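Peer 1: Could you have a look at this structure, given as structure tokens, before my questions?
Here Cβ is always computed from backbone atoms with ideal geometry, including for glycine, and neighbour counts include all displayed protein chains. Every number in this text was worked out from the coordinates using simple rules, so none of it is lab data.
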Amino acid sequence: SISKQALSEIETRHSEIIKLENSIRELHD
Amino acid sequence: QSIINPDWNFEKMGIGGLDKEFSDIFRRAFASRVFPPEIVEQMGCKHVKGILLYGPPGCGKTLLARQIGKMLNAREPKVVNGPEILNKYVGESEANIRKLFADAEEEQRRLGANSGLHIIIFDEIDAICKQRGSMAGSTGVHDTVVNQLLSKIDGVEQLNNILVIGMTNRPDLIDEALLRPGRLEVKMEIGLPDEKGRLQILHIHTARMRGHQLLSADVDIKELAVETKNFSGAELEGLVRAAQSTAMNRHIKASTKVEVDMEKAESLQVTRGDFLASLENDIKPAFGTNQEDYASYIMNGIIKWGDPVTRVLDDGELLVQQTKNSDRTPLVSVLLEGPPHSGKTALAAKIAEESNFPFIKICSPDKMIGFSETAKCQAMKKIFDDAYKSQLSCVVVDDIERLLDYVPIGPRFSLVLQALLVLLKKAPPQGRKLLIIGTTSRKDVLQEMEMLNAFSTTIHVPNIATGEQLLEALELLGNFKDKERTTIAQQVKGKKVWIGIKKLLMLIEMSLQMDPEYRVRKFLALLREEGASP
Amino acid sequence: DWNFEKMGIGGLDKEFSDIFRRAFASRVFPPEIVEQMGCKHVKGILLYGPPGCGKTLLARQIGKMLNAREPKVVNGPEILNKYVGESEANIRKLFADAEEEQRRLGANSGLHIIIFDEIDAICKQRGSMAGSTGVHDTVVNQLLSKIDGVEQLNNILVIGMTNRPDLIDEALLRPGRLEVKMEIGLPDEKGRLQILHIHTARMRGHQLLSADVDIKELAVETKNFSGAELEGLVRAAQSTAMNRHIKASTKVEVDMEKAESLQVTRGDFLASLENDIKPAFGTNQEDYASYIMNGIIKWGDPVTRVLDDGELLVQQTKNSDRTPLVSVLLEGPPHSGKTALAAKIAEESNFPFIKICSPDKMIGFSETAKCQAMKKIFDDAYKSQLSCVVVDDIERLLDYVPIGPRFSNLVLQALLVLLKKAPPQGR
Amino acid sequence: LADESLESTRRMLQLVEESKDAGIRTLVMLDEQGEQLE
Ligand SMILES: Nc1ncnc2c1ncn2[C@@H]1O[C@H](COP(=O)(O)OP(=O)(O)OP(=O)(O)O)[C@@H](O)[C@H]1O
Ligand SMILES: Nc1ncnc2c1ncn2[C@@H]1O[C@H](COP(=O)(O)OP(=O)(O)OP(=O)(O)O)[C@@H](O)[C@H]1O
Ligand SMILES: Nc1ncnc2c1ncn2[C@@H]1O[C@H](COP(=O)(O)OP(=O)(O)OP(=O)(O)O)[C@@H](O)[C@H]1O
Ligand SMILES: Nc1ncnc2c1ncn2[C@@H]1O[C@H](COP(=O)(O)OP(=O)(O)O)[C@@H](O)[C@H]1O
Ligand SMILES: [Mg+2]
Ligand SMILES: [Mg+2]
Ligand SMILES: [Mg+2]
């Protein structure tokens, strides 16, 4: 009876990307 | 023109019999905000910015939300549902809850103590505001969100241009601080509609049908309204929809295929038959109606076998009349006693029905099979507590000796006796009434436990005790006739009879299973043997 | 193109008629008339019944009937996910197309149908089931808000199926969300006949079923059988008539010569009836084979009178209505046969439902357990048309021992109450 | 998250190294033309 157990959940943070590729590639070109 | 819009019919919108609710709403709030600010400051005070409406499921709460927004002469409302303001990425929930009180802060800075009230509608205000230390294994989003909202609505920062209205079914999960004076004070409840309000509810929903002349003149709204009791607006809409649907189907045909009846439905008028059938087998209330009890305790009507079946009814009527129109004695009780198999539990339901008291109930042991004494006490206490909320009542406790769990070896019985012997003296709250009728089959035992001097009177229910009455009862039941009754009369005369009236509906039936030549002899033999002596 | 026969679901004509009347009746005349009434279409169905009565076939057939886009499906708890705020996001997903179409046409949309399986997995009572988290007290609120509330929706139809109708949240059953609450029940003999006819059609069309077999005997003998049970019996009979041509020896073999004369016999039906298929409801003949171990001999006239009185009582409790309830008590000395003259009367009644509540299946129980078992065995007898129940060895149910005396009070009270409680109307 | 992050780090590293090396190379060559031009 004393045995009480638990389940859980999680989150994330995330960052920025998508177009930096274009700037870097244009510089290299 | 400050807030109230010109159109204030409140029947054009669609709301039903809620006149008092909104009058109280205005009397308690939304009143100072349409008054001389000079006087306001002269008395010196602030305004109120919270309401919580809690009613039984499906009771017009949602409609009030979408209609209050229309009648207000201001920008608009916003409806934010509870389960929507959570997001996966960290921090988003707090930002979202923050946005809901922004333009009111901006207006309090740019138009300090100037501009209008802000309305934010929190639908499902139970989804997010549960508690702060009751969850487990759940990051902390819930507690953080509740803290953010509580501090924002109430705290060092001051706001004066907002009105929050929250709506919920179960108010027993809402958080504490929110109901605590200051954020969502001045609560309100929306109850079930009354008799008058049911008529208006029906009228609002049936206007379109009557406009185009699709409703038969036979149907009467008042008849239906009185017939339907303990209903909600949803149930009334369902009844109308189901009546329309039964006609809908009365016209269409084809089970192998499906086709319309060649547009033959020129008027497809709905008649009271459809309403009756729908109210019978389609729509059923949530409260529950005392019909199965009333038609199961009185199973074969009340035939007349003599005088002893009239005196009892007259005395019961006198007791009802006394409890109706007296002031010195608010509570009256009575006990019915007689030998077993004498029809006491069907001579106590009839008396209850003859009186038309609004609140009638019957507590019998059949609903507590296998219950310990504690649960029995709880159920009986609940019944009486419910009986304490009306201007009249009548409660019937039948077969007392089976409630106390009596068995005459020792003897042995149960808390139930004390609860029943205290409940029978408590007068109800001032300016109300009550009446308790009890049924039992063993007077002496009830005398022993010191219960017979707590009831106010006792009436006696006898059983057939003379041949002529037996013959009359047989005649009125109408089973044996012609020469058969003649011979029964010849044989019975003398030696009297001691047969109860529930034991005379089993002997006749056990007798009518032989061939016609031996029925009379079998009935007479059974009566002679079982008849016993007084 | 459509036909009630094609779907092949037999024994539920009233059910389908009622569902059609109250769910697809407002959608069939020219919009003019229905618009002139200002009525909102019903949106919701809930089906429940004990296992094997045919719930998942009705949903499948309703889905396949409509000339609409294909229906969706949610196999119970397939919408729960770890990342906080994704279950609510997923449940909110199933209504996107309907919302967009309502915004796009308006009052001219095509039915969107959603089929839930095991609706009891997710939508449960609020406040209870509270072990931790709360992702279960939020999905219900999301669903309640979505089905009706803010915004107007009139182009959906949600169907739910479950076998425990006493746990669903009350709010989700008020007229407006899930209005039609029908009920699937065990079939009667005519339903059994229809089922057996449907499941055997494809065989009689190829002369693969010998004419010896008679359907009526199969229908009569099968008692308290459900659809699943009938299908299993037919399958097992096929398999037994089917194994004969195989030669189960080393290096598995099969005969390609005699295989063309494959036939099915009533004897195989009987073998599968008495070897491999065993219903739940009712009492199996193996029960009666354990209380009359050594038959019924005639030692005199006092073994004939009892049977005649039993016949009279059984006949009265079938053709008279002033008295729906009857009782009788068999008494005598010990060791005289009062449990093999009480099973032979019940057996020879040909009532649909028969049970025996003896004291040897509850060794060691306390009072409350016995009360619960008795209550269940009596409740299952209130859901038929006419039934018989046998309570043998009373004095052991309520423990009796001459010293004292001692005994149980709760069981005695339960008995004294249960012998005066009339069943529902007409039963 | 892992696959995209690894892609990003790899591409960023290679691109940055290429740009750095090319810039240093241009830096070193410019002086030769400068001196010749003197
Ligand atoms: N007083 C009323 N006047 C008019 N219609 C009503 C009234 N009460 C109920 N109705 C009808 O019932 C529905 C309104 O129920 P509503 O949406 O307000 O319930 P709810 O508050 O959402 O229920 P819950 O709180 O359980 O979610 C509409 O179909 C409306 O026509
Ligand atoms: N005049 C009558 N008075 C009483 N019962 C009548 C009368 N006429 C017909 N009856 C039938 O007889 C029944 C009376 O017996 P009832 O069912 O009330 O038993 P009871 O009095 O509760 O017996 P017990 O108290 O032993 O349980 C009525 O329910 C009804 O079916
Ligand atoms: N005419 C008969 N009547 C009853 N039982 C018979 C008859 N002929 C044979 N028997 C046999 O009697 C046996 C059943 O006796 P049973 O066990 O019912 O007695 P009992 O009264 O139950 O004993 P106890 O009450 O102590 O349990 C079976 O073997 C049954 O075949
Ligand atoms: N009325 C019926 N007609 C034909 N087959 C039926 C019928 N009822 C049940 N079945 C059979 O039952 C099986 C499907 O059972 P199912 O509906 O899944 O049971 P449950 O309702 O317990 O989920 C199939 O083999 C189907 O042929
Ligand atoms: Mg709501
Ligand atoms: Mg009684
Ligand atoms: Mg025995």
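Peer 1: Can you tell me the orientation of helix C:305-319 relative to chain C, as the angle in degrees between its alpha-carbon axis and the longest Cα principal axis, to the nearest 10?
Peer 2: Result, in degrees: 20.
Peer 1: Which of rounded, prolate or oblate describes region C:1-129 when judged by the alpha-carbon gyration tensor and an a/c cut-off of 1.5?
Peer 2: Oblate, since a/c reaches 1.5 and b/c is not below a/b.
Peer 1: Rounded, prolate or oblate: which one fits region B:92-174, using the alpha carbon gyration tensor with axes a ≥ b ≥ c (rounded when a/c is under 1.5, else prolate when a/b beats b/c, else oblate)?
Peer 2: prolate
Peer 1: In sequence order, what are the phi-derived ³J(HN,Hα) couplings for region B:100-105 according to the Karplus relation 6.51 cos²θ - 1.76 cosθ + 1.60 with θ = phi - 60°, rounded to whole Hz, with x for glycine and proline?
Peer 2: Along region B:100-105, the couplings run 6, 10, 9, 5, 7, 5 Hz.
Peer 1: In whole angstrom, note down how far apart the Cα centers of region C:170-210 and region C:258-323 are.
Peer 2: Between the Cα centres of region C:170-210 and region C:258-323 lies a distance of 27 Å.
Peer 1: Using θ = phi - 60° and the Karplus curve 6.51 cos²θ - 1.76 cosθ + 1.60, what whole-Hz ³J(HN,Hα) does each residue of region C:284-290 get, with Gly and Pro shown as x?
Peer 2: Here the 3J(HN,Hα) series is 6, 3, 4, 5, 4, 6, 10 Hz.
Peer 1: Using the Kirkwood formula on the Cα atoms of the protein assembly as shown, what hydrodynamic radius do you get, in angstrom to one decimal?
Peer 2: It is 36.4 Å.
Peer 1: Take the residue pairs B:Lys12/B:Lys152; B:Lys381/C:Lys375; C:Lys124/C:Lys375; B:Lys70/B:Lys187; C:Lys298/C:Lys355; B:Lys196/C:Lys375 and return only those whose Cα atoms are more than 32 Å apart.
Peer 2: Exceeds cut-off: B:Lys12/B:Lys152; B:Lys196/C:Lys375.
Peer 1: What average number of partner chain Cβ atoms lie no more than 10 Å from the Cβ of the residues making up B:243-251?
Peer 2: Taking all residues of B:243-251 together, the mean is 5.
Peer 1: Ok, one more. Note down the net charge around C:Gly76, summing +1 for each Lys or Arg and -1 for each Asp or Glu among other residues with Cβ under 10 Å from its Cβ.
Peer 2: So the environment of C:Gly76 carries a net charge of -4.
Peer 1: So, counting K/R as plus one and D/E as minus one, what does the shell of residues with Cβ under 14 Å around C:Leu173 add up to?
Peer 2: So the environment of C:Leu173 carries a net charge of 0.
Peer 1: Under 8 Å for C-alpha pairs, at least 6 residues apart: give me the relative contact order for chain C, rounded to a whole percent.
Peer 2: Once divided by the residue count of chain C, the mean separation gives 14 percent.
Peer 1: Also, I was wondering about something else. Of the listed peptides B:46-56, C:330-340, B:151-161, what is their order by residue-averaged count of other C-beta atoms within 10 Å, with the highest listed first?
Peer 2: B:46-56, B:151-161, C:330-340
Peer 1: Using only alpha carbon pairs under 8 Å that are at least six residues apart, calculate the relative contact order of region C:223-381 and give it in whole percent.
Peer 2: 23 percent
Peer 1: Counting only residues 5 or more places away or on other chains, whose amide H sits under 5 Å from the amide H of B:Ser456 once H atoms are built in the peptide plane?
Peer 2: Excluding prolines and chain starts, which carry no amide H, the hits are B:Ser333, B:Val334.
Peer 1: Show me, for region C:94-106, the HN-Hα J-couplings you get by feeding each phi into the Karplus relation (A = 6.51, B = -1.76, C = 1.60, θ = phi - 60°), rounded to Hz, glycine and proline as x.
Peer 2: For region C:94-106, the Karplus-derived couplings read 6, 10, 5, 4, 4, 4, 4, 5, 4, 5, 8, 7, x Hz, x marking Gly and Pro.
Peer 1: When you look at the Cβ of every residue in B:91-98, what mean number of other chain Cβ atoms sits within 10 Å?
Peer 2: Average per residue, whole number: 1.
Peer 1: Round to a whole angstrom and tell me the spacing of the C-alpha centers of region B:450-475 and region B:1-20.
Peer 2: Cα centroid to Cα centroid, the span is 61 Å.
Peer 1: Still on this structure: Semi-axes of the equivalent ellipsoid for region C:220-323, please: Cα gyration tensor eigenvalues, times 5, square-rooted, ordered largest first, whole Å. Don't skip to the end; give the middle numbers.
Peer 2: Details: eigenvalues 389, 71, 29 Å².
Rounded to whole Å, the semi-axes are 44, 19, 12.
Peer 1: Additional query: So what's the Cα pair-distance distribution over region B:178-285, bin width 5 Å, in %?
Peer 2: Bins of 5 Å from zero give 2, 10, 18, 19, 15, 10, 8, 6, 4, 3, 2, 2, 1, 0 percent of pairs.
Peer 1: Same structure, new question: Taking a cut-off of 46 Å, what percent of all Cα-Cα pairs in chain B are separated by more than that?
Peer 2: 41 percent
Peer 1: For region C:305-337, state which trypsin sites (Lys or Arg not before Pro) are in a DSSP loop and have at most 13 other beta carbons lying within 10 Å of their beta carbon.
Peer 2: Of the trypsin sites (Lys or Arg not before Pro), the ones in loops of region C:305-337 whose Cβ has at most 13 other Cβ atoms within 10 Å are C:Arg322.
Peer 1: Could you tell me which of the pairs C:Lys361/C:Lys383; C:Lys6/C:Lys40; B:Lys130/C:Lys72 are separated by over 28 angstrom between their Cα atoms in the structure shown?
Peer 2: On the way: C:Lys361/C:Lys383 23 Å; C:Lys6/C:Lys40 31 Å; B:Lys130/C:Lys72 33 Å.
Pairs exceeding the cut-off: C:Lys6/C:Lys40; B:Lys130/C:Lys72.
Peer 1: Net charge near C:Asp393, counting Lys/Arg +1 and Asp/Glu -1 over other residues with Cβ under 11 Å of its Cβ?
Peer 2: That sum, taken over residues with Cβ under 11 Å, equals -1.
Peer 1: Peptides C:179-189, C:361-371, C:255-265: what's the order by average Cβ count within 10 Å, highest mean first?
Peer 2: Values: C:179-189: 16.7, C:361-371: 12.4, C:255-265: 10.8.
Packing order, densest peptide first, comes out as C:179-189, C:361-371, C:255-265.
Peer 1: Decide, for region B:342-413, between rounded, prolate and oblate: order the square roots of the alpha carbon gyration tensor eigenvalues as a ≥ b ≥ c, take rounded if a/c falls under 1.5, and otherwise choose prolate if a/b is larger than b/c, else oblate.
Peer 2: oblate
Peer 1: Sequence gap of 8 or more, or different chains, plus Cα separation below 25 Å: how many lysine pairs satisfy both in region B:400-499?
Peer 2: 10
Peer 1: Shifting gears a bit: For B:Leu163, what residues show an amide H to amide H distance below 5 Å, using hydrogens built from the backbone and excluding near sequence neighbours?
Peer 2: HN-HN under 5 Å from B:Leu163: B:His118, B:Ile119, B:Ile120.
Peer 1: Please give me, ordered by residue number, the chymotrypsin sites (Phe, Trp or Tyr not before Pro) of region B:381-411 that lie in loop per DSSP and have at most 10 other Cβ atoms within 10 Å.
Peer 2: Passing sites in region B:381-411 do not exist.
Peer 1: What residues qualify as long-range amide H neighbours of C:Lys43, i.e. H under 5 Å apart, gap of 5 or more or another chain, H built at 1.01 Å from N?
Peer 2: The list, which skips near neighbours in sequence, is C:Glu179.
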